[PDB]
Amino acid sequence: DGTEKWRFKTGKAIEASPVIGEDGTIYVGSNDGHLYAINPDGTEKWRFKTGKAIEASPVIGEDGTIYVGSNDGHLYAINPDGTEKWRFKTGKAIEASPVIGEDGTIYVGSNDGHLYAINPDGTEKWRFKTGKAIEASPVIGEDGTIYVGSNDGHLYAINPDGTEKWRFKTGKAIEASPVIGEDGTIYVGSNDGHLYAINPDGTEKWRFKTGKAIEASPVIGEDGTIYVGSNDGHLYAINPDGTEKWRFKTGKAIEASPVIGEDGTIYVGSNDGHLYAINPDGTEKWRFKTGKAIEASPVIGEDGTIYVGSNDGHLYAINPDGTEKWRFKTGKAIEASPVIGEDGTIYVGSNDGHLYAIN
């Protein structure tokens, strides 16, 4: 209903979305360097200290282990009771969340340029060198291939044994994770402005040009359309053959991935401050104005409500017809997408340092 259930103070901005465990514990990292475990009633279950800001969401393993990277260069494995299971050193900040494979191997990139594969027990299975920082999470395909983009401009396909399957060159840094279609095509945007479709064997299927960097991952619709925002301000809908189905203009860069509602409507925030709802045919269904850039993807609740945070400090709940359900004020920009619990509580961190639980 938009009323505050509780808030929880950390010392510094919360940059990434919280994550909810099976028992309802809410886990969130802070720029104060700690991983917090918060009980559903808003009291601290425990905290865990790292040396520098935690930039990305924690990830929970099937056994309840919570993994989190830090700007201090380590990947931490934390037991459900908040004690350290192990910590794994890389040379530089770990910017993105790790991902866990079917055999338990934990993969994560570092600003030291390497993709690390870490065994469940914390020993190194292998590392794979790229030239420059790895800014986004790796993605595991159906045969266990690990795909990761690098600031060296290449998308790498790594075999489970750590050997290179292939690498695909783009001209500029790849900032977001790739996305694999049902037929195995790998889609990835680049700061060179193009969306690339890469065949399973590493050859280019096609490329689609936008004017400016593509900051966020593409999203594939049920009929195979590939949607991607660009810093040129447009949302593009690309057919599986690489031709443009349509483009939709916003005034400013689109920094986050779009999301598709149950009826096919495509929702995207823009740095022009609006949340746009776009019909499958490319026409505007409506737009909703916030005061400042919307930096993260909208989230759709079970009843169709669209939630979005803004740099104006508010969390907005928007009805499917584009009218405001409510808004909720925090003191500073909300950088990451909110997360909805099973009872409908909406959780979101703010640059004011607090994690908010909103009814």
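A residue's number is simply how far along the shown sequence it sits, counting from 1.
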TODO: Look up the CA B-factors in the entry and say which stretch, 192 to 200 or 242 to 250, has the higher mean.
DONE: 242 to 250
- [ ] State which stretch shows the higher mean Cα B factor in the entry: 308 to 316 or 35 to 43.
- [x] 35 to 43
Open item on the list: Highest recorded C-alpha temperature factor, please, choosing from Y187, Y276, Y116, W86.
Closed with: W86
- [ ] Tell me, please, which of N79, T265, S270, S97 has the highest C-alpha B factor according to the deposited entry?
- [x] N79
- [ ] Could you look up the Cα B-factor of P18 in the entry and say which third of the chain it sits in: lowest, middle or highest?
- [x] lowest
TODO: State the tercile, meaning the lowest, middle or highest third, of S70 with respect to the CA B-factors recorded for its chain.
DONE: lowest
Task: Ranked against its chain, the third holding the CA B-factor of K332 - done: middle
- [ ] Could you tell me which third, lowest, middle or highest, the C-alpha B-factor of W286 occupies within its chain?
- [x] highest
Task: Among modelled residues of the same chain, the CA temperature factor third for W166 - done: highest
